[PDB]
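Here we start with a single chain on its own, the form deposited in one PDB entry, put down as structure tokens.
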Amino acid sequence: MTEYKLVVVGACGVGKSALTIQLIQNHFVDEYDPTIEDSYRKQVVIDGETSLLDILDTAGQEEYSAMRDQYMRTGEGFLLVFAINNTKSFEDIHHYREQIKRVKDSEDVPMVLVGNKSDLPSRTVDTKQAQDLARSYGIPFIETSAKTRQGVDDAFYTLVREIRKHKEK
């Protein structure tokens, strides 16, 4: 089977860990230690084809690291996560994409825009803004809630679809 390195990126508190733990362990974690950066394995069937996923849940400090760069370069696809009640995290999306392209020689890197915390009524980022941003980048946009599990499989599955499309090229 094919094996892909996925990387979950985005600002502190957007739900990177909650999304990943939901996918792997099927429960919602409310106070996940923000210093733990770990990877998880999962075998999945998507569009009738099995892939092994190696998923890195990023953390660390707001700092440049040449070693982090090295790890990020090995990623084959990225989830760009923001929270719909956090305008800063949405503004940050552009900068995460800039860093991904930087470390991967400006390749047309497989990416999915993820609007997490879609269960909350406290929205500050309009869906149209997110759709327009994904459109400009030529990437899918998926709305998720790690809390309710809405769209969690979809977000990761869609990223695998993007990697598959890219590796045909």
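We number the residues from 1 along the sequence you see. Between two forms, the rigid core is defined as the largest C-alpha subset superposing within 1.5 Å.
- For the pair 35-43 and 130-138, the mean Cα B-factor is higher in 35-43.
- Two stretches are in play, 9-17 and 147-155, and the higher mean C-alpha B-factor belongs to 147-155.
- For residue 117, the recorded CA B-factor ranks within the lowest third of the chain. Only modelled residues enter the ranking.
- When the modelled residues of the chain are ordered by their C-alpha B factor, residue 66 lands in the highest third.
- When the modelled residues of the chain are ordered by their C-alpha B factor, residue 56 lands in the middle third.
- Among all modelled residues in this chain, the alpha-carbon of residue 103 has a temperature factor (C-alpha) in the middle third.
- Ranked within its chain, residue 111 lands in the lowest third, by CA B factor from the PDB record.
Same protein, other form: the form deposited in another entry, not shown, and the subject of what follows.
- Of the residues 124, 129, 39, 65, just one CA atom moves 2 angstroms or more between the shown form and the other one under rigid-core superposition; it belongs to 65.
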